[PDB]
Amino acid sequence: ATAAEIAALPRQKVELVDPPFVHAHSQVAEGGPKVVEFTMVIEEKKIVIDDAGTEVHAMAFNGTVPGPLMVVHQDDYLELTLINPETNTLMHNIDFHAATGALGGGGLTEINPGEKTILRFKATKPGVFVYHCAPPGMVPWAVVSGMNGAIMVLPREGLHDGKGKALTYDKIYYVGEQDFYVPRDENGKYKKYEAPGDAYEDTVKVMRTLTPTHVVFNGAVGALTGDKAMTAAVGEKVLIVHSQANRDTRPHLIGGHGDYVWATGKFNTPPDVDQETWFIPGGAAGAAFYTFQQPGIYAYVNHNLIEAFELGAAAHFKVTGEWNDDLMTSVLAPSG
């Protein structure tokens, strides 16, 4: 493309929405390539991540853990204005795994408190991709303090199965999974710290054990359960995007399946089918497509069940509709 051609492309501002929700978009690209414009403000803030009042000094894109899902189409440009308010204490940047060059954008986006930057990259590859902060000399600490999210680069013609049949979802959720490493005193009580930097040395010690104290969805134990369960109806087609910026995970829909799973997250690699449990390596995003067939409460988990039910990696779906006795039936209910 010529300089004038790039310059002439339409520019569109998109307002972001907090996870697990996803901003309005079209599955099939509406017209030619665009420069899609997003803005995110970085917030350093204390968050509580469990029922014991455990604190983390979060580093949060757009104020959330994970950061929001940005959606564009292949060969669009993504143009991010990233803002680091003067009230923050650390330099921050952004690495888009979807982008090509300068450490994914990290080398071009180092902003001190009181600074902003604008990065544009061409989204040449279709898929879901991780993004994360990566300040040289403290990369893992930034990432495991929650400074990560994902984007989706849809094929211009939307999603398809391995045989080129269209796969069109009715809704989409983004589940960001976070490993946290919270220091404890010798009595086993989680420690609290006045300033983010104060926790650095104690936290790295925990990190080096490679054993998270908490593994959570949407930034806290139980964030996506109970009255915050995700929703669907029988017959509804749902895409579940799942990311993990630092550590492996194995998602599983209890009572369901991944009908089509782009386990690697890349849409030019044909999806696996009929999956019980899929695998997303640390530093990647994946996506599963499922049509609900049964009503009721589902759990959606990391299928290391210790991580799911002891460490926090469990969400719910509440699904409306009619029960299908062909698929499953209690022939004899639990009885003496």
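In this text, residue numbers run from 1 along the sequence as written.
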| item | value |
| --- | --- |
| Comparing 293-301 with 59-67, the one whose average Cα B-factor in the PDB entry is higher | 293-301 |
| Mean Cα B-factor comparison, 68-76 or 185-193, giving the higher one as deposited | 185-193 |
| From 150, 134, 123, 166, residue of greatest CA B-factor | 166 |
| Per the PDB entry, maximal CA B factor within 127, 104, 162, 146 | 162 |
| Chain-relative CA temperature factor third for residue 213 | lowest |
| Relative C-alpha B-factor of residue 177, binned into the chain's lowest, middle or highest third | lowest |
| Chain-wide C-alpha B factor ranking for residue 20, given as lowest, middle or highest third | lowest |
| Within-chain third of residue 116 by Cα B-factor, per the entry | middle |
| Cα B factor band for residue 234 (lowest, middle or highest third within the chain) | highest |
